[PDB]
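K.L.:
Right, I'll just put the structure down here and ask away after.
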Amino acid sequence: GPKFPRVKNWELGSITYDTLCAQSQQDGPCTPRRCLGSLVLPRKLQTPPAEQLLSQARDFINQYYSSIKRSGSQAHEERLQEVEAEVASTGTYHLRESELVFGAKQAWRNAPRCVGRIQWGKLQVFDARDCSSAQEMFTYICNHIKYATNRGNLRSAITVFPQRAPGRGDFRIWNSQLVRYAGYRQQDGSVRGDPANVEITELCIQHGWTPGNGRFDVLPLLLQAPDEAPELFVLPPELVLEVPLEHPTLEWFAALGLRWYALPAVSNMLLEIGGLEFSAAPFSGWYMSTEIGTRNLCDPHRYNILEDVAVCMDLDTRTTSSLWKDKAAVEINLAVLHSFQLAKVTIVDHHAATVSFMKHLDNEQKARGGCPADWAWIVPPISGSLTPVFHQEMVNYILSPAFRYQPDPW
Amino acid sequence: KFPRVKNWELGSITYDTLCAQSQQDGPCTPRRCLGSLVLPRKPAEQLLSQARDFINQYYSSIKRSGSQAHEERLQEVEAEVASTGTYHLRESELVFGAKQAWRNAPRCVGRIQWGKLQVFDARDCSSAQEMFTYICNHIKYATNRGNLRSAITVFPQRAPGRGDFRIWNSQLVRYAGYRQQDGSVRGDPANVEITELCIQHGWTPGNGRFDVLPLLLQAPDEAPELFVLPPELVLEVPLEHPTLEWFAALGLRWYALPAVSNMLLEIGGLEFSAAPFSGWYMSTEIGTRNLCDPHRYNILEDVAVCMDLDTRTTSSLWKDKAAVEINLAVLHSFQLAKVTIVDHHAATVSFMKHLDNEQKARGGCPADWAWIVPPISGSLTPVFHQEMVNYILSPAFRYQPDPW
Ligand code: HEM
Ligand code: HEM
Ligand SMILES: CN(C)Cc1cccc(NCc2ccc3ccc(N)nc3c2)c1
Ligand SMILES: CN(C)Cc1cccc(NCc2ccc3ccc(N)nc3c2)c1
Ligand SMILES: C[C@H](O)[C@H](O)[C@H]1CNc2nc(N)[nH]c(=O)c2N1
Ligand SMILES: C[C@H](O)[C@H](O)[C@H]1CNc2nc(N)[nH]c(=O)c2N1
Ligand SMILES: [Zn+2]
């Protein structure tokens with residue numbers, strides 16, 4: 001019937017149409033000839049003339065005034081005029097605090113790869129647009145961590161540092177997350193710690209950090225204020241909450257000495273709002289257990305502990321058909337959940353998370369006529385079809401405000 | 001441009017140039033990606049261009065391009081289309097086309113096997129009764145007492161202004177699904193509609209959870225006819241678990257032969273509306289989807305209860321634990337019965353080898369990531385970490401509407 005993508009849920013047999021994708025102003029990587037939906041970072045996902053800026057600005061101001069039900073109002077028209085003026089005189093413009101708050105939330109709401117978006121309306125937005133030094137960025141980040149960690153009762157938050165400005169250096173956090181374990185390349189070619197972090201680890205060393213030699217050394221932050229060499233800051237150990245991993249029934253699991261940090265705080269993404277670019281805007285939520293238990297601990301190119309655990313479980317690792325990988329992976333995920341619960345640190349299992357995302361989809365269908373969703377990222381890395389999202393068709397597209405990938409500062 | 005394609009586990013990069021040979025649009029646009037949708041939303045110069053392209057593919061394959069034979073064959077095809085509006089394939093072209101369609105199937109993880117396919121030419125078939133005879137022989141050959149062999153049987157092509165040959169069943173072997181007026185379904189809920197069609201065509205139904213359906217076979221412009229399969233033709237595996245003795249008590253079983261029968265085979269513009277094909281199962285199809293899907297047999301909770309798992313909460317991972325034991329039981333039972341099956345680790349490992357073979361051979365491989373990655377233990381398999389490019393090449397297997 002309708003001229004919009006028809007979306008089907010194969011478990012429930014129910015049908016929706018996505019009308020929200022018509023609001024997309026930015027092209028993704030796919031064409032009628034070939035789909036590139038499985039690519040992590042296609043060129044059409046990597047990242048001004050006042051005409052371009054103003055149209056993006058006017059679109060955002062329209063979104064804002066819609067969200068507060070004042071579209072067409074005199075205040076709506078005046079805000080528009082005021083933005084056009086700023087841009088005419090300065091080349092850029094500035095967001096009111098309530099527009100920044102709305103924009104940050106909408107960027108999270110818009111993120112197709114995030115399964116946690118049921119929470120989108122509950123985001124504490126810290127305005128750090130007054131920050132003027134790397135030391136001050138550090139102070140702001142520490143406050144973020146303390147507020148967000150909240151002794152294990154985690155709270156979603158974002159801290160927004162000053163926007164990109166014409167002919168001035170960017171504010172940048174070099175680290176990809178506020179909390180990351182070191183990866184030390186060994187003289188034999190292997191890696192001690194997290195192989196994901198070899199590059200940032202070496203950068204920290206080049207910039208003066210004295211490296212340790214454990215599997216779980218917390219990295220210092222490399223913080224860059226405009227037109228300045230990045231500076232090195234060590235997080236006070238007591239600010240970094242970690243959870244030692246144990247298993248509810250396998251007593252030997254604790255002896256493995258595994259652990260993970262409580263706070264997933266992503267720090268290298270660009271926050272874009274109405275054409276304005278916030279190159280430093282770290283945000284944090286809480287973990288879904290599979291991120292830790294499946295990806296971080298079991299990816300072959302990460303900690304890669306699957307075989308070690310399988311051996312402790314006395315499984316047959318010389319043959320695929322024993323499903324030793326599947327058995328070990330399940331017990332590792334269970335250990336993560338059990339350990340976080342025991343430590344009273346917020347965590348969500350992949351079943352609870354995907355059920356809540358289905359509720360989010362229903363909410364958004366009514367509120368906006370759709371929800372951009374990247375199926376490959378939404379479906380968890382273990383037990384895929386055991387979760388409701390597997391059976392849900394999704395439509396993926398780019399809406400703004402958006403969190404976007406940005407090239408590394410070096 | 002042509003896409004850069006990365007493997008995140010290995011760091012290796014390829015470029016897919018094969019996608020440039022696609023002459024068929026998928027569902028995505030720059031505005032929105034529809035890569036996770038199961039089904040697509042919806043004359044003479046056209047036919048001739050598809051035909052010439054396929055004939056060119058065929059002679060290129062046998063290292064005889066530009067030969068006198070190649071040039072004459074194109075003339076045959078053109079003469080036929082210009083005079084009759086259609087044309088006909090030689091057996092050897094049909095054999096080549098059936099193999100290429102499998103090779104080109106973006107959703108199939110078993111494509112390492114693509115060059116090994118027994119092709120039965122059933123184009124001399126004029127009746128539903130004859131279709132049945134061919135189908136029985138297909139099943140007999142492919143089953144091979146448990147040493148499964150891939151096969152396809154090709155019934156006559158669609159023709160202008162004449163109804164199609166069709167097999168109404170979605171697979172040659174399916175279990176009945178009986179709708180209870182108390183909402184529920186007994187058997188396989190995926191098969192309620194086909195079960196009801198069989199009944200109204202005069203099938204006397206059973207009332208079990210694993211009653212094998214009769215076939216409904218249709219010759220052009222005729223009501224379909226009902227044919228019960230001889231039970232000795234249908235190999236089934238009773239399911240037991242290597243250590244959990246109670247599992248056998250569940251009374252579960254599955255059939256050996258996965259034989260998809262409702263897809264359309266397109267070769268050189270020609271369409272084969274009945275062309276059932278079969279391989280062997282990957283264990284997750286049975287253990288995970290068929291048995292654990294909420295809208296299928298849905299046995300997770302039953303198994304979880306017997307394992308004495310805490311069902312009160314998701315965070316006990318009862319679902320994950322039960323699914324793993326169910327997949328293991330399928331693997332164990334098929335192995336015990338000497339019936340061919342491949343686990344999802346072995347299968348995805350073979351597919352990565354296939355990807356490498358195809359990169360060298362054709363400069364890429366169309367793959368549908370959402371279907372290639374197995375439905376349990378995704379990131380535990382190498383295909384999870386492999387970027388893939390999805391596109392439609394011809395010869396192709398396609399969906400077609402149900403004949404009712
Ligand atoms: C509140 C609890 C949250 C949960 C359970 C959650 C869950 C997840 C998960 C599992 C992923 C996939 C991560 C991966 O595999 O690397 C993800 C991605 C993402 N999340 Fe959420 N998230 C939460 C909060 C937030 C917040 C507060 C923001 C921003 C304000 C956010 C923005 C994003 C973005 C932009 C991505 C995609 C990142 C990328 O493309 O690399 N999330 N989330
Ligand atoms: C030889 C062993 C084979 C294995 C292990 C295998 C494996 C698989 C699996 C696991 C799927 C996903 C199906 C689903 O989830 O429902 C699939 C799909 C598919 N396979 Fe294969 N396959 C084999 C043989 C074949 C053969 C012989 C053909 C055709 C000649 C074929 C053509 C296809 C097609 C067209 C699909 C997609 C069907 C659809 O979209 O519903 N496969 N295969
Ligand atoms: C590479 N950058 C995008 C930063 C980075 C580093 C390491 C992992 C990830 N994952 C993306 C991501 C983004 C936001 C998240 C929010 C909550 C959460 N639990 N995981 C989340 C995961 C992101
Ligand atoms: C819905 N129709 C496309 C037919 C149908 C009915 C029931 C199941 C499936 N699954 C698709 C399918 C196709 C080919 C396969 C080949 C081998 C295999 N092991 N499974 C395979 C599965 C397909
Ligand atoms: C190649 C593939 O796109 C890649 O491995 C993706 C798949 N899905 C994912 N899903 C999530 N949530 N996070 C990831 O990092 C990835 N990686
Ligand atoms: C909605 C989603 O596309 C649908 O559930 C897909 C996902 N991936 C799949 N993968 C395989 N192998 N088989 C399937 O039927 C499906 N179904
Ligand atoms: Zn796409």
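Lettering and numbering for the structure tokens are positional, with chains as A, B, ... in the shown order, residues counted from 1 in each chain, and ligands counted from 1 in the shown order.
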For chain A versus chain B, which residues have an atom no more than 8 Å away, and what is each residue's nearest atom pair and distance in Å rounded to one decimal, using only C-alpha atoms, chain-then-number order, as a tab-separated table?
P.N.:
```
residue	atom	partner	partner_atom	distance
A:6	CA	B:41	CA	7.4
A:7	CA	B:37	CA	7.4
A:8	CA	B:37	CA	7.8
A:11	CA	B:295	CA	5.5
A:12	CA	B:295	CA	7.7
A:21	CA	B:32	CA	6.8
A:22	CA	B:31	CA	8.0
A:24	CA	B:31	CA	6.5
A:25	CA	B:31	CA	7.8
A:26	CA	B:31	CA	6.9
A:27	CA	B:30	CA	4.7
A:28	CA	B:30	CA	5.0
A:29	CA	B:30	CA	6.1
A:30	CA	B:30	CA	5.3
A:31	CA	B:29	CA	4.5
A:32	CA	B:25	CA	4.7
A:33	CA	B:25	CA	5.1
A:34	CA	B:391	CA	4.7
A:35	CA	B:390	CA	5.0
A:36	CA	B:389	CA	5.6
A:37	CA	B:35	CA	6.4
A:38	CA	B:387	CA	5.6
A:39	CA	B:387	CA	5.3
A:40	CA	B:387	CA	7.6
A:42	CA	B:4	CA	8.0
A:294	CA	B:379	CA	7.6
A:295	CA	B:379	CA	7.3
A:298	CA	B:380	CA	7.6
A:299	CA	B:379	CA	7.2
A:300	CA	B:9	CA	6.7
A:301	CA	B:9	CA	5.7
A:320	CA	B:345	CA	5.9
A:321	CA	B:343	CA	6.0
A:322	CA	B:328	CA	7.0
A:323	CA	B:328	CA	6.8
A:325	CA	B:380	CA	7.0
A:326	CA	B:377	CA	6.0
A:327	CA	B:324	CA	6.9
A:330	CA	B:320	CA	6.8
A:334	CA	B:317	CA	6.7
A:337	CA	B:315	CA	6.8
A:349	CA	B:315	CA	5.8
A:351	CA	B:314	CA	6.1
A:352	CA	B:314	CA	6.5
A:375	CA	B:36	CA	6.5
A:376	CA	B:370	CA	6.6
A:381	CA	B:378	CA	5.1
A:382	CA	B:377	CA	4.1
A:383	CA	B:376	CA	4.1
A:384	CA	B:375	CA	4.9
A:385	CA	B:375	CA	5.0
A:386	CA	B:293	CA	7.1
A:393	CA	B:37	CA	5.4
A:394	CA	B:36	CA	6.1
A:395	CA	B:34	CA	5.5
A:396	CA	B:33	CA	5.0
A:397	CA	B:32	CA	4.7
A:398	CA	B:32	CA	7.8
```
K.L.:
I need the alpha helix (DSSP H) residues of segment 109-231 of chain A per DSSP on the backbone, written as a PDB file with N, CA and C atoms, in the first residue's frame.
P.N.:
```pdb
ATOM      1  N   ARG A 109      19.050   9.056  20.684  1.00  0.00           N
ATOM      2  CA  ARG A 109      17.823   8.503  20.124  1.00  0.00           C
ATOM      3  C   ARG A 109      18.015   8.070  18.666  1.00  0.00           C
ATOM      4  N   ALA A 134      43.379  21.778  28.954  1.00  0.00           N
ATOM      5  CA  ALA A 134      43.373  20.321  29.069  1.00  0.00           C
ATOM      6  C   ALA A 134      43.213  19.894  30.529  1.00  0.00           C
ATOM      7  N   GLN A 135      43.865  20.615  31.437  1.00  0.00           N
ATOM      8  CA  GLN A 135      43.639  20.401  32.863  1.00  0.00           C
ATOM      9  C   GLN A 135      42.137  20.470  33.179  1.00  0.00           C
ATOM     10  N   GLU A 136      41.461  21.519  32.702  1.00  0.00           N
ATOM     11  CA  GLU A 136      40.026  21.652  32.954  1.00  0.00           C
ATOM     12  C   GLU A 136      39.213  20.510  32.327  1.00  0.00           C
ATOM     13  N   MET A 137      39.627  20.022  31.157  1.00  0.00           N
ATOM     14  CA  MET A 137      38.954  18.862  30.563  1.00  0.00           C
ATOM     15  C   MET A 137      39.052  17.687  31.522  1.00  0.00           C
ATOM     16  N   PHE A 138      40.226  17.525  32.127  1.00  0.00           N
ATOM     17  CA  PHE A 138      40.438  16.438  33.075  1.00  0.00           C
ATOM     18  C   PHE A 138      39.467  16.552  34.246  1.00  0.00           C
ATOM     19  N   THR A 139      39.365  17.752  34.823  1.00  0.00           N
ATOM     20  CA  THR A 139      38.425  17.995  35.922  1.00  0.00           C
ATOM     21  C   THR A 139      37.000  17.609  35.526  1.00  0.00           C
ATOM     22  N   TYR A 140      36.581  18.059  34.346  1.00  0.00           N
ATOM     23  CA  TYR A 140      35.250  17.733  33.835  1.00  0.00           C
ATOM     24  C   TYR A 140      35.035  16.231  33.647  1.00  0.00           C
ATOM     25  N   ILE A 141      36.043  15.540  33.109  1.00  0.00           N
ATOM     26  CA  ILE A 141      35.963  14.088  32.901  1.00  0.00           C
ATOM     27  C   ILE A 141      35.867  13.337  34.237  1.00  0.00           C
ATOM     28  N   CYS A 142      36.673  13.745  35.223  1.00  0.00           N
ATOM     29  CA  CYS A 142      36.593  13.127  36.546  1.00  0.00           C
ATOM     30  C   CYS A 142      35.204  13.280  37.146  1.00  0.00           C
ATOM     31  N   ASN A 143      34.658  14.489  37.078  1.00  0.00           N
ATOM     32  CA  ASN A 143      33.297  14.719  37.544  1.00  0.00           C
ATOM     33  C   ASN A 143      32.275  13.863  36.803  1.00  0.00           C
ATOM     34  N   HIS A 144      32.455  13.730  35.493  1.00  0.00           N
ATOM     35  CA  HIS A 144      31.597  12.855  34.697  1.00  0.00           C
ATOM     36  C   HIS A 144      31.621  11.434  35.254  1.00  0.00           C
ATOM     37  N   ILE A 145      32.829  10.885  35.396  1.00  0.00           N
ATOM     38  CA  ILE A 145      33.025   9.522  35.890  1.00  0.00           C
ATOM     39  C   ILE A 145      32.391   9.309  37.259  1.00  0.00           C
ATOM     40  N   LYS A 146      32.618  10.246  38.181  1.00  0.00           N
ATOM     41  CA  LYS A 146      32.045  10.146  39.523  1.00  0.00           C
ATOM     42  C   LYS A 146      30.518  10.162  39.488  1.00  0.00           C
ATOM     43  N   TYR A 147      29.951  11.105  38.738  1.00  0.00           N
ATOM     44  CA  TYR A 147      28.498  11.191  38.617  1.00  0.00           C
ATOM     45  C   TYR A 147      27.929   9.942  37.940  1.00  0.00           C
ATOM     46  N   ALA A 148      28.524   9.553  36.820  1.00  0.00           N
ATOM     47  CA  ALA A 148      27.983   8.440  36.044  1.00  0.00           C
ATOM     48  C   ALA A 148      28.140   7.089  36.769  1.00  0.00           C
ATOM     49  N   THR A 149      29.257   6.909  37.468  1.00  0.00           N
ATOM     50  CA  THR A 149      29.530   5.650  38.171  1.00  0.00           C
ATOM     51  C   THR A 149      28.628   5.484  39.380  1.00  0.00           C
ATOM     52  N   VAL A 198      46.692  -1.353  21.526  1.00  0.00           N
ATOM     53  CA  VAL A 198      48.136  -1.268  21.316  1.00  0.00           C
ATOM     54  C   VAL A 198      48.544   0.144  20.898  1.00  0.00           C
ATOM     55  N   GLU A 199      47.797   0.722  19.959  1.00  0.00           N
ATOM     56  CA  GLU A 199      48.190   1.998  19.378  1.00  0.00           C
ATOM     57  C   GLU A 199      48.109   3.115  20.409  1.00  0.00           C
ATOM     58  N   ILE A 200      46.968   3.222  21.087  1.00  0.00           N
ATOM     59  CA  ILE A 200      46.812   4.229  22.141  1.00  0.00           C
ATOM     60  C   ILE A 200      47.846   4.008  23.272  1.00  0.00           C
ATOM     61  N   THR A 201      48.145   2.748  23.588  1.00  0.00           N
ATOM     62  CA  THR A 201      49.161   2.435  24.602  1.00  0.00           C
ATOM     63  C   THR A 201      50.518   3.008  24.221  1.00  0.00           C
ATOM     64  N   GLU A 202      50.945   2.757  22.985  1.00  0.00           N
ATOM     65  CA  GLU A 202      52.237   3.272  22.534  1.00  0.00           C
ATOM     66  C   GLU A 202      52.267   4.802  22.488  1.00  0.00           C
ATOM     67  N   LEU A 203      51.152   5.420  22.089  1.00  0.00           N
ATOM     68  CA  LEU A 203      51.036   6.881  22.110  1.00  0.00           C
ATOM     69  C   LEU A 203      51.213   7.448  23.517  1.00  0.00           C
ATOM     70  N   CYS A 204      50.616   6.790  24.508  1.00  0.00           N
ATOM     71  CA  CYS A 204      50.757   7.213  25.901  1.00  0.00           C
ATOM     72  C   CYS A 204      52.222   7.170  26.331  1.00  0.00           C
ATOM     73  N   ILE A 205      52.893   6.079  25.979  1.00  0.00           N
ATOM     74  CA  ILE A 205      54.321   5.927  26.223  1.00  0.00           C
ATOM     75  C   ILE A 205      55.143   7.011  25.515  1.00  0.00           C
ATOM     76  N   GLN A 206      54.892   7.227  24.223  1.00  0.00           N
ATOM     77  CA  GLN A 206      55.583   8.283  23.479  1.00  0.00           C
ATOM     78  C   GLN A 206      55.382   9.657  24.111  1.00  0.00           C
TER      79      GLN A 206
END
```
K.L.:
Would you pick out the contacts of segment 180-197 of chain A at 7 Å or less, using only C-alpha atoms, so that residues sharing its chain but fewer than 6 positions from it are not included, and give the list as a list in words?
P.N.:
residues 214, 215, 216, 217, 218, 219, 301, 302 and 303 of chain A
K.L.:
Could the residues in this selection be written to a file with N, CA, C and O atoms, as a short mmCIF file (atom, residue, chain, number, x, y, z; two decimals), in the first residue's frame?
P.N.:
```
data_model
loop_
_atom_site.label_atom_id
_atom_site.label_comp_id
_atom_site.auth_asym_id
_atom_site.auth_seq_id
_atom_site.Cartn_x
_atom_site.Cartn_y
_atom_site.Cartn_z
N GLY A 214 50.98 -5.46 33.30
CA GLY A 214 49.90 -6.39 33.61
C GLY A 214 48.89 -6.53 32.48
O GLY A 214 49.04 -5.91 31.42
N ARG A 215 47.85 -7.34 32.72
CA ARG A 215 46.84 -7.63 31.71
C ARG A 215 45.73 -6.62 31.80
O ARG A 215 44.88 -6.52 30.90
N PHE A 216 45.69 -5.89 32.91
CA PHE A 216 44.56 -5.00 33.16
C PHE A 216 45.00 -3.65 33.71
O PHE A 216 44.37 -3.13 34.64
N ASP A 217 46.06 -3.09 33.12
CA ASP A 217 46.54 -1.76 33.48
C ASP A 217 45.65 -0.68 32.87
O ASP A 217 45.50 -0.63 31.64
N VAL A 218 45.06 0.16 33.72
CA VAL A 218 44.19 1.25 33.27
C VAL A 218 45.05 2.34 32.61
O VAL A 218 46.02 2.81 33.20
N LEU A 219 44.69 2.72 31.39
CA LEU A 219 45.47 3.71 30.65
C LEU A 219 45.22 5.12 31.18
O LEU A 219 44.11 5.43 31.64
N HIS A 301 40.77 -11.56 18.49
CA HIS A 301 41.68 -10.42 18.47
C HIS A 301 41.56 -9.53 19.71
O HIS A 301 42.09 -8.41 19.75
N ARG A 302 40.86 -10.03 20.74
CA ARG A 302 40.79 -9.30 22.01
C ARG A 302 41.47 -10.15 23.08
O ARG A 302 42.58 -10.63 22.84
N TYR A 303 40.84 -10.35 24.24
CA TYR A 303 41.50 -11.15 25.30
C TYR A 303 41.58 -12.63 24.95
O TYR A 303 42.43 -13.35 25.46
#
```
K.L.:
As a quick test: using only C-alpha atoms and all ligand atoms, which residues lie no more than 9 Å away from ligand 1? Give them as a ChimeraX atom specification.
P.N.:
/A:40-41,104-120,122-125,154-158,264-266,269,271,282-291,295,347-350,353,377-378,380-381,402-405
K.L.:
From a DSSP calculation on the backbone, collect every residue of segment 60-263 of chain A in strand (DSSP E or B) and output the set as number ranges by chain.
P.N.:
A: 124-127, 157-160, 172-173, 177, 181, 183-185, 191-193, 218, 221-224, 231-233, 242-244, 259-261
K.L.:
Export C-alpha atoms of the chosen residues as a tab-separated table (two decimals), in the first residue's frame?
P.N.:
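Saved file out08.tsv follows:
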```tsv
chain	number	residue	atom	x	y	z
A	124	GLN	CA	22.33	13.88	32.15
A	125	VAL	CA	23.85	16.51	29.87
A	126	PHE	CA	26.89	18.29	31.30
A	127	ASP	CA	27.60	21.57	29.53
A	157	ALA	CA	25.60	11.08	30.98
A	158	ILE	CA	27.42	13.11	28.36
A	159	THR	CA	29.85	15.98	28.88
A	160	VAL	CA	29.97	18.47	25.99
A	172	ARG	CA	39.95	16.11	21.44
A	173	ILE	CA	40.16	13.11	23.74
A	177	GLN	CA	37.06	5.21	25.90
A	181	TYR	CA	43.26	-1.48	29.49
A	183	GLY	CA	48.01	-3.48	25.36
A	184	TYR	CA	51.75	-4.18	25.42
A	185	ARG	CA	53.25	-5.73	22.31
A	191	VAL	CA	50.18	-8.88	23.24
A	192	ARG	CA	49.85	-8.59	27.00
A	193	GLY	CA	46.55	-6.90	27.88
A	218	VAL	CA	44.19	1.25	33.27
A	221	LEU	CA	44.00	9.93	29.34
A	222	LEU	CA	45.60	11.87	26.50
A	223	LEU	CA	43.71	15.18	26.39
A	224	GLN	CA	44.10	17.85	23.75
A	231	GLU	CA	48.68	16.26	27.85
A	232	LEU	CA	48.79	13.13	30.00
A	233	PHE	CA	46.43	12.57	32.94
A	242	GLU	CA	36.15	-2.44	38.45
A	243	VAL	CA	34.42	-5.78	38.99
A	244	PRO	CA	36.43	-8.99	39.65
A	259	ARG	CA	37.88	-8.43	35.69
A	260	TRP	CA	36.27	-5.60	33.79
A	261	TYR	CA	35.55	-1.94	34.44
```
K.L.:
Write as a PDB file with C-alpha atoms, in the first residue's frame the residues around ligand 2, taking 9 Å as the cut-off and counting only C-alpha atoms and all ligand atoms.
P.N.:
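Final output, pocket-v1.pdb:
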```pdb
ATOM      1  CA  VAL B  38      13.490 -11.237   4.391  1.00  0.00           C
ATOM      2  CA  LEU B  39      11.414 -10.766   1.218  1.00  0.00           C
ATOM      3  CA  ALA B  98      21.894 -24.574 -11.698  1.00  0.00           C
ATOM      4  CA  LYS B  99      25.414 -24.640 -10.241  1.00  0.00           C
ATOM      5  CA  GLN B 100      25.929 -20.908 -10.868  1.00  0.00           C
ATOM      6  CA  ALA B 101      22.609 -20.027  -9.187  1.00  0.00           C
ATOM      7  CA  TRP B 102      23.724 -21.890  -6.059  1.00  0.00           C
ATOM      8  CA  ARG B 103      27.167 -20.267  -6.305  1.00  0.00           C
ATOM      9  CA  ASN B 104      25.485 -16.850  -6.549  1.00  0.00           C
ATOM     10  CA  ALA B 105      23.075 -17.362  -3.588  1.00  0.00           C
ATOM     11  CA  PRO B 106      24.097 -14.678  -1.064  1.00  0.00           C
ATOM     12  CA  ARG B 107      22.251 -16.356   1.807  1.00  0.00           C
ATOM     13  CA  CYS B 108      23.830 -19.812   1.527  1.00  0.00           C
ATOM     14  CA  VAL B 109      26.701 -20.672   3.912  1.00  0.00           C
ATOM     15  CA  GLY B 110      27.226 -24.048   2.235  1.00  0.00           C
ATOM     16  CA  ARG B 111      28.530 -22.722  -1.069  1.00  0.00           C
ATOM     17  CA  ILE B 112      31.972 -24.353  -0.764  1.00  0.00           C
ATOM     18  CA  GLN B 113      30.076 -27.368  -2.174  1.00  0.00           C
ATOM     19  CA  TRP B 114      28.692 -25.472  -5.212  1.00  0.00           C
ATOM     20  CA  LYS B 116      29.253 -30.699  -6.614  1.00  0.00           C
ATOM     21  CA  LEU B 117      25.558 -30.790  -7.479  1.00  0.00           C
ATOM     22  CA  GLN B 118      23.640 -33.574  -9.190  1.00  0.00           C
ATOM     23  CA  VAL B 119      21.283 -32.015 -11.746  1.00  0.00           C
ATOM     24  CA  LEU B 148      23.603 -37.124   1.727  1.00  0.00           C
ATOM     25  CA  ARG B 149      24.310 -35.847  -1.788  1.00  0.00           C
ATOM     26  CA  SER B 150      23.336 -32.389  -3.089  1.00  0.00           C
ATOM     27  CA  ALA B 151      20.827 -32.407  -5.945  1.00  0.00           C
ATOM     28  CA  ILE B 152      18.376 -30.330  -7.932  1.00  0.00           C
ATOM     29  CA  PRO B 258      16.528 -30.212   3.672  1.00  0.00           C
ATOM     30  CA  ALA B 259      14.812 -29.931   0.300  1.00  0.00           C
ATOM     31  CA  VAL B 260      13.542 -26.465  -0.563  1.00  0.00           C
ATOM     32  CA  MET B 263      11.823 -21.125  -4.993  1.00  0.00           C
ATOM     33  CA  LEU B 265      15.331 -20.832 -10.592  1.00  0.00           C
ATOM     34  CA  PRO B 276      13.403 -28.374  -5.790  1.00  0.00           C
ATOM     35  CA  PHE B 277      16.953 -28.629  -4.462  1.00  0.00           C
ATOM     36  CA  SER B 278      18.540 -30.218  -1.400  1.00  0.00           C
ATOM     37  CA  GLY B 279      21.841 -30.309   0.445  1.00  0.00           C
ATOM     38  CA  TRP B 280      22.319 -31.331   4.044  1.00  0.00           C
ATOM     39  CA  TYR B 281      21.463 -29.508   7.280  1.00  0.00           C
ATOM     40  CA  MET B 282      23.697 -27.202   9.279  1.00  0.00           C
ATOM     41  CA  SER B 283      22.844 -28.183  12.843  1.00  0.00           C
ATOM     42  CA  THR B 284      21.605 -24.750  13.966  1.00  0.00           C
ATOM     43  CA  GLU B 285      18.763 -24.796  11.416  1.00  0.00           C
ATOM     44  CA  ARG B 289      15.557 -22.164  14.524  1.00  0.00           C
ATOM     45  CA  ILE B 341      25.190 -32.825   9.108  1.00  0.00           C
ATOM     46  CA  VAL B 342      27.607 -29.958   9.638  1.00  0.00           C
ATOM     47  CA  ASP B 343      27.986 -27.845  12.766  1.00  0.00           C
ATOM     48  CA  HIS B 344      27.988 -24.057  12.520  1.00  0.00           C
ATOM     49  CA  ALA B 347      30.332 -24.619   8.134  1.00  0.00           C
ATOM     50  CA  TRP B 371      21.956 -15.018   7.017  1.00  0.00           C
ATOM     51  CA  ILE B 372      25.572 -16.209   6.897  1.00  0.00           C
ATOM     52  CA  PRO B 374      24.580 -18.445  12.565  1.00  0.00           C
ATOM     53  CA  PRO B 375      21.688 -17.752  14.975  1.00  0.00           C
ATOM     54  CA  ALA B 396      19.749 -16.844  -9.370  1.00  0.00           C
ATOM     55  CA  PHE B 397      17.347 -18.576  -7.005  1.00  0.00           C
ATOM     56  CA  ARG B 398      14.424 -16.204  -6.305  1.00  0.00           C
ATOM     57  CA  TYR B 399      11.289 -16.079  -4.185  1.00  0.00           C
TER      58      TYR B 399
END
```
K.L.:
Go through A:170, A:268, A:15, A:133 one by one, measure the shortest atom-to-atom distance of each to ligand 6 using only C-alpha atoms and all ligand atoms, and give the residue with the smallest value.
P.N.:
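Between A:170, A:268, A:15, A:133, the residue approaching ligand 6 most closely is A:15.
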K.L.:
Which residue is closest to ligand 4? Choose from B:155, B:272, B:168, B:247 and count only C-alpha atoms and all ligand atoms.
P.N.:
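Distance minimum relative to ligand 4 lands on B:168.
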K.L.:
Expressed in Å to a single decimal, how great is the separation between atom 9 (C, counted along the ligand's line) of ligand 5 and atom CA of residue 352 of chain B?
P.N.:
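The value is 18.0 Å.
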K.L.:
What gap, in Å, lies between atom 16 (C, counted along the ligand's line) of ligand 3 and atom CA of residue 371 of chain A?
P.N.:
17.6 Å
K.L.:
For atom CA of residue 131 of chain B and atom CA of residue 217 of chain B, determine how far apart the two atoms are, in Å to one decimal place.
P.N.:
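Distance reported for this atom pair: 7.2 Å.
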K.L.:
Give me, as a PyMOL selection string, all polymer residues having an atom no more than 9 Å from residue 166 of chain A, counting only C-alpha atoms and skipping those fewer than 5 positions away in the same chain.
P.N.:
chain A and resi 48+91-92
